[PDB]
Amino acid sequence: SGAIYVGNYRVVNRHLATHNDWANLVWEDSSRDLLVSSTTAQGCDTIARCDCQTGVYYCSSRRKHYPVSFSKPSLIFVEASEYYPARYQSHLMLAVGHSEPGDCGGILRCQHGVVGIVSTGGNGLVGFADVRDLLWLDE
Ligand SMILES: CSc1ccccc1CC(=O)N1CCC[C@H](C(N)=O)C1
Ligand SMILES: [Zn+2]
């Protein structure tokens, strides 16, 4: 679990979106595992606008933040699950690090701000859905 709050927006994993998120939908993309919904309050998270490949992520399954080197956003094959069939997920960044299913939503941050959220994992790897290209989150 975990979301990003920026202005009148709530950014969550699409596979964890609530009824409220769907009834207040702004944008969703299954291929990126993202869903953005509207909020009545003003979000204060800053989105990074950069091409950093190092940062820190929050891991709920260890209650700890971990420093990571992560790849550039790209199409990565993700195995079938209760939420999606086996497919390529786009805008995905991989790092070597611990993750478990309940970890989805934890924020990845660099010195410039919020980079993306935990979305995949398996075998000592963690995958982050990038949000830096979503320039409309600030306007
Ligand atoms: C942190 S997720 C994790 C971690 C360790 C092991 C297994 C997982 C589950 C995982 O990778 N997925 C299930 C939820 C939907 C994800 C997707 N974006 O398609 C894929
Ligand atoms: Zn950065």
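Each residue takes its place number in the sequence, starting with 1. Any value given below was found using the heavy atoms of this structure, including those in side chains, with hydrogens, waters and symmetry copies removed.
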### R62 to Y66 six-membered ring, cation-pi geometry met (6.0 Å, 45°)
no

### Message
If I compare all heavy atoms of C50 with all of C110, which pair ends up nearest, and what's the gap?
### Response
SG-SG, 3.9 Å

### Query
Would a hydrophobic clustering, with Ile, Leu, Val, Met, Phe, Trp and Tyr connected at side-chain separations under 4.5 Å, put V68 with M93?
yes

### Query
Would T54 and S69 count as having a side-chain donor-acceptor pair, cut-off 3.5 Å?
no

### Connected via hydrophobic side-chain network under 4.5 Å: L134 and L35
no

### Query
How many angstroms lie between atom OG of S38 and atom CG of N8, to the nearest 0.5 angstrom?
8.0 Å

### Query
Is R49 reaching over with its side chain to a backbone N or O of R132, donor-acceptor style, under 3.5 angstrom?
yes

### Message
Count I, L, V, M, F, W, Y as connected when their side-chain heavy atoms are under 4.5 Å apart, and connections chain through other members. Are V115 and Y57 then in the same cluster?
### Response
yes

### Query
Do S61 side-chain atoms and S99 backbone N/O form a donor-acceptor pair below 3.5 Å?
no

### Query
Does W22 belong to the same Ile/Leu/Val/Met/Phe/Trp/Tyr cluster as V12, with side-chain heavy atoms less than 4.5 Å apart forming each link?
yes

### Task
Taking the side chain as every heavy atom from C-beta outward, state whether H98 and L125 have any atom pair closer than 4.5 Å.
no

### Query
Are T120 and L94 close enough, and set up right, to give a side-chain contact (heavy atoms from CB on, under 4.5 Å), and what steps lead you there?
CA-CA 9 Å; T120 78; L94 300 198; 4.1 Å; yes

### Message
Contact between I117 and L108 at the side-chain level, heavy atoms closer than 4.5 Å - yes or no?
### Response
no

### Query
Got a donor-acceptor contact below 3.5 angstrom from the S119 side chain to the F128 backbone?
no

### Message
Treating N13 as the side-chain partner and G105 as the backbone partner, does any N or O pair qualify as donor plus acceptor under 3.5 Å?
### Response
yes

### Query
Passes side-chain contact (heavy atoms from CB on, under 4.5 Å), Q42 versus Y5? Steps please.
CA-CA 8 Å; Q42 205 88 71; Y5 298 98; over 6 Å; no

### Message
Rounded to the nearest 0.5 Å, what separates atom NE2 in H15 from atom SG in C104?
### Response
4.0 Å

### Query
If you take all heavy atoms of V118 and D103, which pair is closest and at what distance?
CB-O, 3.3 Å

### Query
Hey, mind stepping through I4 and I47 against side-chain contact (heavy atoms from CB on, under 4.5 Å) and telling me if it holds?
CA-CA 9 Å; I4 299 161; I47 307 306; 3.8 Å; yes

### Query
Do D33 and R87 meet the salt-bridge criterion of a basic N to acidic O distance under 4.0 Å?
no

### Given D21, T18, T39, the one that forms side chain to side chain donor-acceptor pair (under 3.5 Å) with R10
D21

### Query
Does any non-hydrogen side-chain atom of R14 lie less than 4.5 Å from one of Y84?
yes

### Query
Would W27 and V36 count as a side-chain contact (heavy atoms from CB on, under 4.5 Å) if you check the C-alpha gap in whole Å, the side-chain angles of each, and the deciding distance to 0.1 Å?
CA-CA 5 Å; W27 170 80; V36 173; 3.7 Å; yes

### Task
Check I76, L75, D130 against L92 for a side chain to side chain contact (heavy atoms under 4.5 Å, CB included) and give me the one that passes.
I76

### Test item: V78 and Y88 side chains (from C-beta on) under 4.5 Å apart, heavy atoms
no

### Message
I'd like to know if the side chain of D45 reaches the main chain of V6, judged simply by a donor and an acceptor atom lying under 3.5 Å from each other, with no hydrogens or angles considered.
### Response
no

### Message
Regarding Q89 and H91, do their side chains bring together a donor and an acceptor under 3.5 Å, going by distance alone?
### Response
no

#### Entry: Where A95 and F70 come nearest, the two heavy atoms and their spacing
CB-CB, 3.9 Å

### Task
Kindly work out whether a path of hydrophobic side-chain contacts (I/L/V/M/F/W/Y, heavy atoms less than 4.5 Å apart) joins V114 to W136.
yes

